[PDB]
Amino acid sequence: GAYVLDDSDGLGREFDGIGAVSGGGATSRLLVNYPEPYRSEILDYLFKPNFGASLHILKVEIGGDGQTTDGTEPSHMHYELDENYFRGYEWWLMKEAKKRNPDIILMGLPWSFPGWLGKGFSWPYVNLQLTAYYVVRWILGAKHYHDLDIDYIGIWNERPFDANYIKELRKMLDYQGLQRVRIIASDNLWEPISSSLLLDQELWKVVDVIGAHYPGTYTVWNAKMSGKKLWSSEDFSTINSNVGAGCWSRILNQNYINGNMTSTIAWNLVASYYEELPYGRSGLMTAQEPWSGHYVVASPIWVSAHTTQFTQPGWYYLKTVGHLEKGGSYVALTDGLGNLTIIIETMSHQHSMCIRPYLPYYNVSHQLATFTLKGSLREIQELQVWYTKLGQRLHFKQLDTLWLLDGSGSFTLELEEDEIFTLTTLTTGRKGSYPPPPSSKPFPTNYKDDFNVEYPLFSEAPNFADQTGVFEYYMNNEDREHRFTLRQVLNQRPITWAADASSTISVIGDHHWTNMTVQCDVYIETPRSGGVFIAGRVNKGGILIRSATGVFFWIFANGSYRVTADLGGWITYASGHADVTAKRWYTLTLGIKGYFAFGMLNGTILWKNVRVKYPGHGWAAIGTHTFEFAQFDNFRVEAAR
């Protein structure tokens, strides 16, 4: 079949860019403590122009101290009157992105909120001005402390919006001189935001972009009618195998074709979280071993390149895009400066399945496509060619330049299945490369941290992935034997996105660990009612954190201890009395081998040969009984898998 590409009677919609999400939750957690040069190479693969993924857009979670899928992320306001714009790693990531690409688009979106915003209720719309104050302070802080211009602000990730809040947010933004900041809504479904915009004139004026999640390449009529920009503000979320790459390739094309969506943002940016956490390895690439330095430049990186390296925000789709007769699709974009980019995909059904949604079988076969260039695209003589084959795979390999010497302005390709072609008048394409990273090693079977860092670059010790609550470096200037510790700093349950545990917890190590000995110095700050624990064989985290089983060694300031099989403390292995009070350092040791475990207090056996379920595996962990202050020091673990 012949497919005409032409700009004679106008253009399509303005292309807004391809991006990815860091956050929801703690997806970039393990990236920060990568040794150089590896950490910097990974960021180059993601954000350096004309190199790797070359992303146009970076979206980050505005941490609200709650569990938001693979962990918690710290807020800039743990408490009322608290301001701190140097917690976590999203500030750092955004700055790294801007250094490589100054034109990158920055977006922020809340998943959860600090509990104090709710004023007693678990609800961010009790005081609209207060919640707006919180969010806008985050944007101001981004500019004032990090020289970051946030381009787009969201509402509440995959949660109900309040129309009056969106309006108050706009007023708050303009009042602080942030008119340039745009609002995207509602980062959930097409409805009810689409119909709300049609029914409410004032709401229409304050919303700039309608952003839907996992729309299956389609939109809805009311969204078209609004005349707003339509984005797939969160998509993908599939394991970065060849299959996930196929999913990414197909939806990148068909989101605009089928659904008029001029931007697609993948969750997540990079899989830098323990793979056994929910949705493991669902990033554009993988970097889940800072201890070894090993990272995988997965195929979605090069799938992205086919569009990102040859398109920029401000470009325009041609009116002439669509599906191929024998399956697959093609899009075409111009910059208005005589350049032209053509992106063609022929992903088979079996090799492009996304998790959300899963498409009914469709068929793709061998085919010939003849592209004819009419209008101002006529005097194009030469097209650079880029090719990718997923499956016995090869990625982003430049092919021999294509020539249109005969004035027909036409060419012809044979398109097999699971293939990508990018045809462009751009000469800047490059498959970036670095020397291959170290091989993958397990988490060190012998690990220790004394948290003795006087000027930490980040707010938390490495490899500790908070799954409920928030743990930070802490300096106590008056105590010398525990001058530098790790502290759980939440004192009330957040306005939650997920089902956070009722106890705080941070996991670390190797999920495949079976036999282990965990030791840590603990400090209970709350008299009478306070409590802490250490644990091994913790099998679940993330949005499943309340599900976590394992062996949990608790001690309480009322002079007692418990040994449970679950974080929720419903199943008892052992319990009894102990010489434990608040505001006093203790050394807890927990040993687990096979069917039996023992617990030590200051090097003395508290319980021994206590029967636990076996087989069983999981991480090591520390935590507190509730959302309460407590300190930890001299963490050690020895384990075997």
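So that there is no doubt, residue numbering starts at 1 and follows the sequence shown.
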Considering only other entries where residues before and after it are modelled, is residue 263 without coordinates in at least a third?
no
Check whether residue 101 has no coordinates in at least a third of the other compared PDB entries of this protein, counting only entries that model residues on both sides of it.
no
None, 1 to 3, 4 to 9, or 10 or more: how many residues of the deposited sequence lack coordinates between residue 391 and residue 392?
1 to 3
Ranked by mean Cα B-factor in the entry, 209 to 217 and 379 to 387, top stretch is 379 to 387
With reference to the PDB entry, specify whether the mean Cα temperature factor is higher for 427 to 435 or for 78 to 86.
427 to 435
Whose CA atom has the top B-factor in the entry, of 325, 466, 187, 472?
325
The largest CA temperature factor among 529, 352, 488, 263 is found at 352
So, residue 343's CA B-factor, relative to its chain, sits in which third? The highest
Taking the chain's C-alpha temperature factors as the reference, tell me which third residue 244 falls into: lowest, middle or highest.
middle
Among the modelled residues of its chain, does the C-alpha B-factor of residue 316 lie in the lowest, middle or highest third?
highest
Record-listed C-alpha B factor of residue 19: chain third:
middle
Residue 606 - Cα temperature factor, lowest/middle/highest third of chain:
highest
